[PDB]
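first chunk of the complex, coordinates as they sit in the assembly:
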Amino acid sequence: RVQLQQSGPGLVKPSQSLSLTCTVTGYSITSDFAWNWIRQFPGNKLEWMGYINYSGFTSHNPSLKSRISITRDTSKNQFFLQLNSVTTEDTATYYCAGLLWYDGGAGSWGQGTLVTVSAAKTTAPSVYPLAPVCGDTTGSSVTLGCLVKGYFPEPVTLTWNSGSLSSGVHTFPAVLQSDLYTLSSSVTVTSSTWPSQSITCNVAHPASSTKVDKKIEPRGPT
């Protein structure tokens, strides 16, 4: 029905501003809804930031005291968030979300966009293949992996065989240390299938415009 999609820069320097866009499809922004911005911090903490409604009337949380502007462009069917004077405490996942003005119904949220407030430098990841030890390849299943190391900011995307290999996958939350992230992913397949059916981890890091497609080669002759 109505669909919302956030866009905007994912890395902001302290004391500058965050600027996000919500593009609404399937519904006119000049009808029926309140168009909200909501952000999520660690520990399941959600904060309502404000809305602009279908008539262009706005409201925002006093917690954001004068730092926030919510606007719209009806010719583009978009509404916007500007949050100035950011600090690291503004690092969060930002969502747009429409709720009906009349009753709070039909809540529809975007996918969310992570905004990191940091002075640290954008860094492309190194993508390393994790090939099983010989001793662990003689059973019915075999587990392979990929290590995505040394990148900043989040996120990356990781798939296996371009998304065609999706079952048996565990992609773990990244760990941050010294302003760099590391993430790993495992994939488990039937052992007799490998290495006859190749397995490749596809990593993308939009912030550095980098993609890596790493084929997992067996240890031992290749």
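Thanks, I have it. Residues are numbered from 1 along each chain as shown, chains lettered A, B, ... in the order given.

residues touching residue A:102, list them.
Counting by C-beta atoms under 8 Å, 6 or more residues apart in numbering, residue A:102 makes contact with residue A:32. Placement of C-beta: from N, CA and C, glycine included.

can you list contacts of stretch A:175-191?
Taking contacts as C-beta under 8 Å, 6+ apart, the residues outside stretch A:175-191 that touch it are A:118, A:120-121, A:123, A:125, A:130, A:137-154, A:156, A:158, A:160, A:165, A:168-174, A:197, A:199, A:201.

put the alpha carbons of that stretch into CSV.
As requested, the backbone C-alpha atoms of stretch A:175-191 are provided in CSV (Å, rounded to 0.1, in the frame of the first residue of the first chain):
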residue,chain,number,x,y,z
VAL,A,175,32.3,-5.5,16.0
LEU,A,176,33.8,-2.0,16.3
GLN,A,177,37.3,-1.5,17.5
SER,A,178,39.5,1.6,16.9
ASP,A,179,37.0,3.1,14.5
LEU,A,180,37.0,0.0,12.2
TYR,A,181,34.4,-2.8,11.9
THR,A,182,34.8,-6.5,11.4
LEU,A,183,32.0,-8.9,10.5
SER,A,184,32.0,-12.5,9.6
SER,A,185,29.6,-14.9,7.9
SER,A,186,29.4,-18.6,7.8
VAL,A,187,27.7,-20.9,5.2
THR,A,188,27.0,-24.6,5.6
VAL,A,189,26.4,-26.9,2.7
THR,A,190,26.3,-30.7,2.0
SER,A,191,30.0,-31.6,1.9
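
for that stretch, buried residues please.
Neighbour counts using 16 or more other C-beta atoms under 10 Å place A:180, A:181, A:182, A:183, A:184, A:185, A:187, A:189 of stretch A:175-191 among the buried residues.

roughly how far does residue A:168 sit from residue A:182?
According to C-beta to C-beta, to the nearest Å, residue A:168 and residue A:182 sit 22 Å apart.

just to revisit the earlier point, out of the buried residues of stretch A:175-191, who's nearest residue A:55?
Within these, distances to residue A:55 taken as C-beta to C-beta reach their minimum at residue A:181, with 42.6 Å.

the closest one in helix, strand or coil?
strand (DSSP: H, G, I helix; E, B strand; the rest coil).

okay, now residue A:131: neighbour count?
Burial of residue A:131, expressed as a neighbour count using other C-beta atoms under 10 Å, amounts to 19.

cool, the one 4 residues further on as well?
Burial of residue A:135 is recorded as 7 neighbouring residues (other C-beta under 10 Å).

measure it to residue A:219 for me?
Counting by C-beta to C-beta, the gap from residue A:135 to residue A:219 is 10 Å.

residue A:186 too?
Noted for residue A:186: a distance of 16 Å to residue A:219, by C-beta to C-beta.

with residue A:104 instead?
The separation that residue A:104 has from residue A:219, given C-beta to C-beta, amounts to 57 Å.

what do you get for residue A:136?
Per C-beta to C-beta, residue A:136 is found 10 Å from residue A:219.

now do the contacts for residue A:207.
For residue A:207, the contact set (C-beta under 8 Å, 6+ apart) comprises A:10, A:11, A:122, A:152, A:153.

okay, now chain B:
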Amino acid sequence: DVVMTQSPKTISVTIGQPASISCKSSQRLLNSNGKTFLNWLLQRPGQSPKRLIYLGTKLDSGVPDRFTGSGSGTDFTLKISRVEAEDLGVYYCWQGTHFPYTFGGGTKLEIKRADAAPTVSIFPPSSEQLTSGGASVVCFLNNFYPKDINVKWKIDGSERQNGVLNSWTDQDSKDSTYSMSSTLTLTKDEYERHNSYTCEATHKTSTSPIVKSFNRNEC
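Same chains as before, plus chain B:
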């Protein structure tokens, strides 16, 4: 501002059994036109929050009728008549009656299942990484239940507690298990100086650790 207090913080429920969650508001949520702007939402792992209940007691659009919202005034309840594994995640309440609008702190629903030992796999540093001066040893502890687990690393048979970083997945609704990754990072020179690397998983499923090892420079 209105405080929204949810309880319990977490619940663990077997598939097919009921669940009930409470949300209590610091101020009445009834409005001057007889509406109560109290919503319930579910946030599944890696997703945005999604609608469940609105107007205190009404099923929101497209939501399965297994969910029921009840209450009035300051005290509200969400019931799930029979839990399904895809129900796992964090339930929130939200109020829209008093500015500024506020959310409860969330209640995490876990699916209770039979215990399952982890599948443990260890991985040496890639040749690619070794050309760079660092060396990461990775161990995966996959598809276990319940969620608590311990990992111990050893180098040449001696415990190594320095340079280990762990990461845990959310519960999987496909099988209601958990997974964990543990990464031991060393310099390349320190890695190339030792021979055997071991990761040991200790899980309630057995008093015996699951041990996986390799020797550097052996396949």
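
re-run the earlier check on the neighbour count of residue A:135 with chain B in the model.
Residues within reach of residue A:135, counting by other C-beta atoms under 10 Å in any protein chain shown, total 14.

how many neighbours does the spatially closest residue to it that is not a sequence neighbour have?
Sequence neighbours aside, residue B:214 is the residue nearest to residue A:135 in space, at 7.3 Å (criterion: C-beta to C-beta, 6 or more residues apart in numbering or on different chains). Applying other C-beta under 10 Å, we find 22 other residues in the vicinity of residue B:214.

which residues sit against the host helix or strand of residue A:158?
Assigned by DSSP states H and E, residue A:158 falls within strand A:157-160. Outside of strand A:157-160, the residues that reach it under the criterion C-beta atoms under 8 Å, 6 or more residues apart in numbering or on different chains are A:146, A:148, A:165-166, A:169, A:171, A:183, A:185, A:187, A:199-204, A:206.

now the helices: where do they sit in chain B?
For chain B, helices defined by DSSP state H occupy the ranges B:127-130, B:188-193.

and the residue of chain B closest to chain A?
Using C-beta to the nearest C-beta, residue B:106 is the residue of chain B that sits closest to chain A, at 3.5 Å.

residue contacts, the residue of chain A found nearest chain B?
In chain A, the residue found nearest to chain B is residue A:44; the distance is 3.5 Å by C-beta to the nearest C-beta. When the contact criterion is C-beta under 8 Å, 6+ apart, the partners of residue A:44 are B:43, B:90, B:92, B:105, B:106, B:108.

which of these tops the neighbour count?
When neighbours are taken as other C-beta under 10 Å, the top entry among the contacts of residue A:44 is residue B:92 (24 neighbours).

which residue is the nearest non-sequential neighbour of it?
Using C-beta to C-beta, 6+ apart and skipping residues adjacent in sequence, the residue nearest residue B:92 is residue B:41, 4.7 Å away.

count of residues packed around that neighbour?
The local packing count at residue B:41 equals 26, with neighbours defined by other C-beta under 10 Å.

and it, what are its bridge partners?
Applying DSSP bridges to residue B:41 yields these beta-bridge partners: residue B:51, residue B:92.

isn't it up against residue B:89?
No - if you go by C-beta atoms under 8 Å, residue B:41 and residue B:89 don't touch, sitting 9.8 Å apart.

quick check: residue B:69 touching residue B:77?
Yes - using C-beta under 8 Å, residue B:69 is in contact with residue B:77, at 7.3 Å.

between these two, which one's more packed in?
Between residue B:69 and residue B:77, residue B:69 has the larger neighbour count (other C-beta under 10 Å), namely 23 against 16.

against residue A:219, how distant is the closest residue to the more buried one other than its chain neighbours?
Leaving aside its sequence neighbours, residue B:69 sits nearest to residue B:53 (C-beta to C-beta, 6+ apart; 3.6 Å). For residue B:53, the distance to residue A:219 equals 53 Å [C-beta to C-beta].

neighbour-wise, which of the two wins?
When neighbours are counted by other C-beta under 10 Å, residue B:53 comes out ahead of the other of residue B:53 and residue A:219, with 25 against 17.

in CSV: the helices of chain B, plus distance to residue B:156 and mean neighbour count.
Listed next are these as CSV, based on distance: least, C-beta to C-beta, whole Å; neighbours: other C-beta atoms under 10 Å in any protein chain shown:
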stretch, distance to residue B:156, mean neighbour count
helix B:127-130, 18, 16
helix B:188-193, 9, 14
